[PDB]
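*Asks:* Protein chains in written order, with our numbering: chain R, 21 to 90; chain Y, 2 to 142; chain X, 2 to 142; chain S, 2 to 142; chain D, 2 to 142; chain A, 21 to 90; chain B, 2 to 142. Idealized CB from N, CA, C, for every residue including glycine. One structure follows; several queries about it will come next.
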Ligand SMILES: *[C@@H]1O[C@H](CO)[C@@H](O[C@@H]2O[C@H](CO[C@H]3O[C@H](CO)[C@@H](O)[C@H](O)[C@@H]3O)[C@@H](O)[C@H](O)[C@H]2NC(C)=O)[C@H](O)[C@H]1NC(C)=O
Ligand SMILES: *[C@@H]1O[C@H](CO)[C@@H](O[C@@H]2O[C@H](CO[C@H]3O[C@H](CO)[C@@H](O)[C@H](O)[C@@H]3O)[C@@H](O)[C@H](O)[C@H]2NC(C)=O)[C@H](O)[C@H]1NC(C)=O
Ligand SMILES: *[C@@H]1O[C@H](CO)[C@@H](O[C@@H]2O[C@H](CO[C@H]3O[C@H](CO)[C@@H](O)[C@H](O)[C@@H]3O)[C@@H](O)[C@H](O)[C@H]2NC(C)=O)[C@H](O)[C@H]1NC(C)=O
Ligand SMILES: *[C@@H]1O[C@H](CO)[C@@H](O[C@@H]2O[C@H](CO[C@H]3O[C@H](CO)[C@@H](O)[C@H](O)[C@@H]3O)[C@@H](O)[C@H](O)[C@H]2NC(C)=O)[C@H](O)[C@H]1NC(C)=O
Ligand SMILES: *[C@@H]1O[C@H](CO)[C@@H](O[C@@H]2O[C@H](CO[C@H]3O[C@H](CO)[C@@H](O)[C@H](O)[C@@H]3O)[C@@H](O)[C@H](O)[C@H]2NC(C)=O)[C@H](O)[C@H]1NC(C)=O
Ligand SMILES: *[C@@H]1O[C@H](CO)[C@@H](O[C@@H]2O[C@H](CO[C@H]3O[C@H](CO)[C@@H](O)[C@H](O)[C@@H]3O)[C@@H](O)[C@H](O)[C@H]2NC(C)=O)[C@H](O)[C@H]1NC(C)=O
Ligand SMILES: *[C@@H]1O[C@H](CO)[C@@H](O[C@@H]2O[C@H](CO[C@H]3O[C@H](CO)[C@@H](O)[C@H](O)[C@@H]3O)[C@@H](O)[C@H](O)[C@H]2NC(C)=O)[C@H](O)[C@H]1NC(C)=O
Ligand SMILES: *[C@@H]1O[C@H](CO)[C@@H](O[C@@H]2O[C@H](CO[C@H]3O[C@H](CO)[C@@H](O)[C@H](O)[C@@H]3O)[C@@H](O)[C@H](O)[C@H]2NC(C)=O)[C@H](O)[C@H]1NC(C)=O
Ligand SMILES: *[C@@H]1O[C@H](CO)[C@@H](O[C@@H]2O[C@H](CO[C@H]3O[C@H](CO)[C@@H](O)[C@H](O)[C@@H]3O)[C@@H](O)[C@H](O)[C@H]2NC(C)=O)[C@H](O)[C@H]1NC(C)=O
Ligand SMILES: *[C@@H]1O[C@H](CO)[C@@H](O[C@@H]2O[C@H](CO[C@H]3O[C@H](CO)[C@@H](O)[C@H](O)[C@@H]3O)[C@@H](O)[C@H](O)[C@H]2NC(C)=O)[C@H](O)[C@H]1NC(C)=O
Ligand SMILES: *[C@@H]1O[C@H](CO)[C@@H](O[C@@H]2O[C@H](CO[C@H]3O[C@H](CO)[C@@H](O)[C@H](O)[C@@H]3O)[C@@H](O)[C@H](O)[C@H]2NC(C)=O)[C@H](O)[C@H]1NC(C)=O
Ligand SMILES: *[C@@H]1O[C@H](CO)[C@@H](O[C@@H]2O[C@H](CO[C@H]3O[C@H](CO)[C@@H](O)[C@H](O)[C@@H]3O)[C@@H](O)[C@H](O)[C@H]2NC(C)=O)[C@H](O)[C@H]1NC(C)=O
Ligand SMILES: *[C@@H]1O[C@H](CO)[C@@H](O[C@@H]2O[C@H](CO[C@H]3O[C@H](CO)[C@@H](O)[C@H](O)[C@@H]3O)[C@@H](O)[C@H](O)[C@H]2NC(C)=O)[C@H](O)[C@H]1NC(C)=O
Ligand SMILES: *[C@@H]1O[C@H](CO)[C@@H](O[C@@H]2O[C@H](CO[C@H]3O[C@H](CO)[C@@H](O)[C@H](O)[C@@H]3O)[C@@H](O)[C@H](O)[C@H]2NC(C)=O)[C@H](O)[C@H]1NC(C)=O
Ligand SMILES: *[C@@H]1O[C@H](CO)[C@@H](O[C@@H]2O[C@H](CO[C@H]3O[C@H](CO)[C@@H](O)[C@H](O)[C@@H]3O)[C@@H](O)[C@H](O)[C@H]2NC(C)=O)[C@H](O)[C@H]1NC(C)=O
Ligand SMILES: *[C@@H]1O[C@H](CO)[C@@H](O[C@@H]2O[C@H](CO[C@H]3O[C@H](CO)[C@@H](O)[C@H](O)[C@@H]3O)[C@@H](O)[C@H](O)[C@H]2NC(C)=O)[C@H](O)[C@H]1NC(C)=O
């Protein structure tokens, strides 16, 4: 089982609010988690797509695309 | 001994980063769709809207916009006749799935325009989804 | 004497561990390099499945799909017109080497869509491979 | 004895440096995003801005720029028609998340341009995030 | 001594595995790069095949088709006037290098068409290649 | 002289039916051998490309593309 | 004792070889540009050049060619309107940096073509770069 530890979105660092989700071994899931900007504030536009990097307890990170819904 | 142990770490890391980059390339694809959400319907109008003797020329751009996307989208800039214009006050937005006459105030950023009553100007309107749309605007006076 | 016998042990052990890591690198190749994919053929269709004033809107999605791999693979998500959708019920599994029209039901994950009868929407279907395919779906009504 | 003790140190150091390099490769990834922050909207304008009889030709470049990034970004250079230009005074900056008509003074670094009234010049604008953007500029006189 | 012999093994094994991947890349070329296609020549025709008040409407489709590839290829779907149709019975297979009038029967997949005698409909035929061809069909009655 | 010891097609294990084919020293040649799926039931499609990794008596594995004909 | 000295030499040599490989990667770039040294510009002409009812029809291929490379470059082969053709004489060659008319005699490689006065035919001329340039020849004879 491995958990998220940080996310960076559109270049900006974010902190996970509350307990970070843990993903069980061998499993596919939609995870959901809350985040706050670490410093500054973002300028997300409805329907725009942002490159993000999620970092896991492995130290491994994954590039991702997130679409801002509103 | 060291070299083989190092090569093993870098092989496994190579597989992990390569797969993550391939998944990212598949993961981009949904974002591309939204670049086409807006289209501009018919001729719009430009109208001189400033008060008498005011320091700033301010015009009024009315256009029908259609939003085929799943999110609200806003006008971010307009280029008229080759001139960039600044958008005054709050940008207008068009709701998801709707078609509406949209109205906004603009002021010229380069020089001053010399619009002629009943003359037809090609604009390009730019929207918050990162899209440009060609438009025709008729100056009303 | 000692230094030379130890140097020889570490030469021999170096050969052994280096060859073990080289054989491991050859052993990765089958897992990382499976060719072939789910291919999506022609346009699909979206149809309103929602009935009897139900609280959740459900859509049929029908599309022709060709599995060119050697294993059965299933749909896992679809994104349509930028919006994410969940598969309702059990997702369809496409047998190895086979071409089929698949049909599956979907609900919007959040918000709601604004499909127009006869309009064409870009969609991305994601399979159990993590591979996705861009597709065009025409909304039927 | 010595050889085995040395090999042990170099094995453990090998693991540590290899892991640190793998973590660095994952740690680079957020920096790549920022290379796409800017885009240039519509035609800009060039205007001759120098005073009568002055030794230096100085032009005025007005363009709409959109910053989708999370930080302020500034214009660092412009190349017009294939000529490099120097940027005079302070570089302009566009705030995080905003779309603005941006204006700056430039002077030619190679030879002199011979801009023609109403003629259209392809430029490339370069920004402090390390990004180039193609632009069209119309010379106003 | 050990470190250098291990470095040399990993140089040699690196050459071997790199050349193996380069030879694999050359080995992909024939499968990914088959030239030539089904070409659709002139207009086709749609004719009402439905008889005796049958519950399902069936249409003849006749069109001239030229296979410029080296393998026999079959139709798999047609879309006409935006609407999907299923091939009834066994789909026709077009021999390599050959020009033929093919004829096949089709039924609407969902809904029903509104063909007008003498009107021309844009259609897309999809072949076993996954390749499709736009076509014009004239409805005969 | 070096022989095919095992083959994996598109990630799946496969068994050489007959005796193993063997290629003499210094030779370049066509090599042909009969093979069966080791587990399950694959289904190849005409003109589609499948990777095979062929493993030789060196322990060496070579990736190859096979195009299905049948 | 030796293991550390060997590790140091291979660390230092690793830096040298990695930098050398990076420099080699750039050093290819001016080289590969020569792949596009030739431009064929304007319309060319093709003219009957044979005499006295001789057994070979021979033609006049005149084109204007610009060589941007640092070596003299020659016509290796020509294909006219899809058909193979053989240069009768020795190949024409265009010096480095020159723009000039180039003229050469050519014969059909197979069959018997028949050009019509004032009609336009494509030729692709293949140069000693392996580069092919399409050109239009107008027939004169
Ligand atoms: C970040 O994580 C906190 C837990 O790590 C979480 O605390 C919990 O808060 C909920 C209720 O929170 C509501 O009210 C607060 C004001 O008190 C708002 O800031 C917040 O946004 C919510 O509207 C409470 O039921 C629960 O017991 C708390 N848990 C713990 C362990 O303290 C924060 O709420 C969360 N921050 C946000 C903004 O959601
Ligand atoms: C997400 O929701 C937040 C709460 O509604 C909102 O923050 C509030 O924003 C207003 C002013 O910010 C303006 O700019 C943002 C740009 O994203 C607009 O979305 C928003 O409509 C306003 O025009 C501020 O006065 C108020 O104090 C904020 N409240 C909080 C909770 O901080 C965010 O703006 C909104 N979007 C983003 C990208 O975070
Ligand atoms: C920019 O032009 C807009 C288009 O006319 C306008 O907003 C619109 O308002 C009109 C109605 O305007 C009349 O009626 C109001 C009373 O309801 C009076 O205040 C005013 O004097 C008018 O003659 C409406 O029909 C239209 O739909 C609105 N906009 C849209 C969505 O098209 C603005 O007033 C104008 N602004 C300036 C400063 O010129
Ligand atoms: C928008 O309306 C303004 C008045 O509501 C008007 O200002 C007046 O301008 C006139 C003269 O207009 C000419 O000269 C100006 C420069 O002075 C040009 O920009 C303009 O295109 C005309 O060629 C002036 O006599 C008067 O004092 C101004 N004020 C009032 C109360 O009348 C703007 O000129 C007008 N702009 C456009 C484009 O029509
Ligand atoms: C480079 O061009 C700029 C674009 O015009 C300009 O800055 C802009 O200033 C204009 C307003 O200029 C007029 O009004 C001021 C009085 O407010 C007078 O000083 C001047 O004589 C003008 O006719 C403004 O509309 C525009 O938004 C500004 N820039 C932007 C962000 O677009 C500079 O003045 C000019 N510099 C030179 C040396 O040419
Ligand atoms: C989406 O695909 C479903 C199968 O995956 C399909 O279910 C089948 O429904 C048919 C009957 O469907 C008719 O009636 C419904 C209303 O009940 C209409 O919405 C529909 O358009 C048809 O007119 C039934 O015979 C069959 O046994 C069902 N099979 C399964 C596996 O459920 C849905 O009908 C289909 N939805 C639409 C709108 O086509
Ligand atoms: C698919 O069918 C759904 C069931 O009939 C329908 O949802 C119902 O819609 C009405 C009002 O939504 C309106 O807007 C949609 C736009 O798509 C129109 O198609 C529809 O005619 C109405 O004008 C709502 O009152 C009712 O509660 C909904 N019922 C459910 C099951 O949610 C959808 O609207 C329809 N289309 C789409 C795109 O999902
Ligand atoms: C989403 O998938 C569910 C299975 O994963 C499926 O449950 C099955 O439902 C059918 C009958 O469903 C009808 O009635 C319900 C209300 O109870 C409606 O919401 C629904 O739309 C249908 O009209 C039942 O025969 C079957 O046993 C259920 N299977 C299981 C495993 O529970 C849901 O119906 C499906 N949602 C929709 C909207 O189709
Ligand atoms: C920008 O404006 C300057 C004046 O504000 C102008 O300087 C004048 O130039 C004219 C003649 O211009 C021609 O010749 C010059 C070389 O002398 C060329 O660079 C230019 O493109 C024209 O072909 C001269 O008679 C006069 O004395 C100068 N000064 C004034 C006060 O008029 C610049 O030439 C002008 N640059 C451009 C590109 O328009
Ligand atoms: C190599 O090209 C350089 C680029 O032009 C040039 O240095 C530049 O000098 C120009 C200005 O040159 C003009 O003005 C000076 C008077 O100030 C005259 O001496 C001369 O005749 C010119 O027409 C300057 O704009 C530019 O910024 C300088 N260089 C840079 C940093 O771009 C050199 O003169 C030239 N050298 C040779 C031998 O060709
Ligand atoms: C669509 O193509 C069919 C062949 O793929 C063809 O079947 C042949 O039919 C002919 C006789 O057709 C005549 O009679 C039917 C009514 O029975 C009319 O609909 C039709 O227009 C003709 O007047 C028969 O001799 C032949 O053996 C059949 N061959 C096969 C392979 O079935 C259909 O007739 C054709 N439909 C139409 C409307 O032309
Ligand atoms: C769609 O394809 C079927 C074969 O895939 C074909 O079945 C054949 O049918 C013919 C005779 O069909 C006639 O009668 C049926 C009613 O039984 C009508 O629906 C049909 O339109 C024809 O008038 C038969 O000789 C042959 O043996 C069948 N072949 C097989 C393999 O079953 C269907 O007829 C065909 N549908 C239509 C509408 O033509
Ligand atoms: C799978 O491998 C077997 C050995 O590697 C091979 O055995 C050889 O068989 C041939 C003759 O086989 C025929 O008869 C058998 C029944 O006994 C059939 O199953 C088969 O299809 C053939 O028709 C024999 O001459 C030879 O000596 C055998 N070799 C050895 C080493 O014993 C099988 O033939 C092979 N399977 C197939 C289907 O070829
Ligand atoms: C697939 O491989 C089978 C053996 O690996 C082979 O069966 C053996 O067939 C040969 C017949 O000799 C011919 O083999 C093929 C065509 O059959 C040609 O490439 C070749 O030049 C010869 O003409 C037979 O002698 C032998 O006993 C069979 N079995 C063994 C154990 O050797 C199949 O023929 C082959 N099929 C295809 C389509 O390639
Ligand atoms: C086709 O190419 C030949 C070499 O590229 C070229 O040979 C040259 O010939 C000229 C003189 O040729 C005359 O005489 C011959 C008979 O021997 C006739 O066929 C021809 O039409 C001319 O009348 C000679 O000076 C030169 O040295 C030769 N070059 C070489 C490299 O040997 C042929 O002339 C050419 N065909 C034609 C029709 O010109
Ligand atoms: C077609 O090209 C032939 C050679 O490629 C050429 O024959 C050679 O002719 C020249 C004569 O010199 C003249 O060439 C043409 C007109 O004849 C003019 O463009 C050019 O300016 C010269 O006036 C002769 O010296 C030479 O020996 C011939 N052969 C070779 C191998 O060079 C034809 O003249 C030419 N025909 C046409 C109509 O362009």
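Which complete alpha helix (DSSP H) runs does the segment 30 to 108 of chain Y hold, if anything under 4 residues is left out?
*Replies:* Within the segment 30 to 108 of chain Y, no complete alpha helix (DSSP H) run reaches 4 residues.
*Asks:* What is the DSSP secondary structure of residue 116 of chain X, reduced to helix, strand or coil?
*Replies:* Of the three classes helix, strand and coil, the one that applies to residue 116 of chain X here is coil, per DSSP.
*Asks:* I think residue 58 of chain S touches residue 102 of chain S, with their Cβ atoms under 8 Å apart; what is that distance to the nearest whole Å?
*Replies:* Not confirmed; about 23 Å, so no contact.
*Asks:* Looking only at its own chain, which residues have a Cβ that is under 7 Å from the Cβ of residue 73 of chain D, when we skip the five neighbours before and after it?
*Replies:* For residue 73 of chain D, where only same-chain residues beyond five positions count, the Cβ hits under 7 Å are 94, 95, 96, 97.
*Asks:* Closest to residue 38 of chain R by C-alpha separation, out of R:54, R:88, R:29, would be which residue?
*Replies:* For residue 38 of chain R, the nearest C-alpha among the options comes from R:54.
*Asks:* What is the residue span of the beta strand (DSSP E) that residue 140 of chain S lies within?
*Replies:* Here the beta strand (DSSP E) through residue 140 of chain S covers 132 to 140.
*Asks:* So who's on the other strand from residue 128 of chain B, going by DSSP bridges?
*Replies:* Answer is B:76.
*Asks:* Whole angstroms are fine: how far does the CA of residue 82 of chain R sit from the CA of residue 21 of chain Y?
*Replies:* Rounded to whole angstroms, residue 21 of chain Y to residue 82 of chain R spans 6 Å at the Cα level.
*Asks:* Return no unless some Cβ of chain R is closer than 9 Å to the Cβ of residue 71 of chain Y.
*Replies:* Taking Cβ atoms only, chain R reaches closer than 9 Å to residue 71 of chain Y, which makes this a yes.
*Asks:* So does residue 89 of chain Y have its beta carbon nearer than 8 Å to some heavy atom of ligand 2?
*Replies:* Incorrect: residue 89 of chain Y has no Cβ contact closer than 8 Å to ligand 2.
*Asks:* Tell me, which residues are paired with residue 121 of chain S by DSSP?
*Replies:* Answer by DSSP bridge pairing, in chain order: S:139.
*Asks:* Residue 83 of chain D versus chain Y: which residues are under 8 Å apart at the beta carbon?
*Replies:* Residues of chain Y passing the Cβ test: none, with the nearest at roughly 17 Å.
*Asks:* Can you tell me whether residue 25 of chain B is buried or exposed, with buried defined as 16 or more other CB within 10 angstroms of its CB?
*Replies:* Label assigned to residue 25 of chain B: exposed.
*Asks:* Quick one: any contact between the segment 9 to 19 of chain S and the segment 30 to 43 of chain S, if contact means 3 or more CB pairs under 8 Å?
*Replies:* Touching, no.
*Asks:* Counting Cβ pairs closer than 8 Å, one from the segment 74 to 87 of chain Y and one from the segment 35 to 44 of chain X, do we hit at least three?
*Replies:* In short, these stretches do not touch, since the Cβ pair count stays below three.
*Asks:* If we cut at 9 Å on Cβ distances, does residue 39 of chain X have a partner in chain S?
*Replies:* Not closer than 9 Å to any Cβ of chain S, the Cβ of residue 39 of chain X fails to qualify, so no.
*Asks:* Measuring only between beta-carbons, confirm whether residue 30 of chain X sits less than 9 Å from chain A.
*Replies:* Answer yes: the Cβ-Cβ gap between residue 30 of chain X and chain A drops below 9 Å somewhere.
*Asks:* Where does residue 8 of chain S sit, in a helix, a strand or coil, going by DSSP?
*Replies:* Here residue 8 of chain S sits in helix by DSSP.
*Asks:* Closer than 5 Å between the C-beta and any heavy atom of ligand 6: which residues qualify, listed along the chain?
*Replies:* The answer, residue by residue, is X:48, X:50, X:61, X:104.
*Asks:* Beta carbon of residue 45 of chain S, beta carbon of residue 111 of chain Y: below 9 Å?
*Replies:* Result yes, Cβ atoms of residue 45 of chain S and residue 111 of chain Y sit closer than 9 Å.
*Asks:* So which residues on chain D does residue 4 of chain B lean against when the C-beta distance must stay under 9 Å?
*Replies:* Correct list: 2, 3, 4.
*Asks:* Alpha carbon to alpha carbon, what distance is there between residue 67 of chain A and residue 89 of chain A?
*Replies:* Their Cα atoms are separated by approximately 6 Å.
*Asks:* Answer with yes or no whether the minimum CB distance from residue 11 of chain X to chain A is below 9 Å.
*Replies:* For residue 11 of chain X, the answer is no, since every Cβ of chain A falls outside 9 Å of its Cβ.
*Asks:* Looking only at C-alpha atoms, which of D:129, D:70, D:138 sits nearest to residue 42 of chain X?
*Replies:* Among D:129, D:70, D:138, the Cα nearest to that of residue 42 of chain X belongs to D:129.
*Asks:* Does the beta-carbon distance from residue 122 of chain B to residue 47 of chain B come in below 9 Å?
*Replies:* Contact flag set, yes.
*Asks:* Assuming contact is defined by CB atoms lying nearer than 9 Å, are residue 76 of chain D and residue 127 of chain D in contact in what I supplied?
*Replies:* Yes. Within cutoff.
*Asks:* What I want to know is whether the C-beta of residue 99 of chain X ends up closer than 8 Å to one or more non-hydrogen atoms of ligand 12.
*Replies:* Flag unset: Cβ of residue 99 of chain X not near ligand 12.
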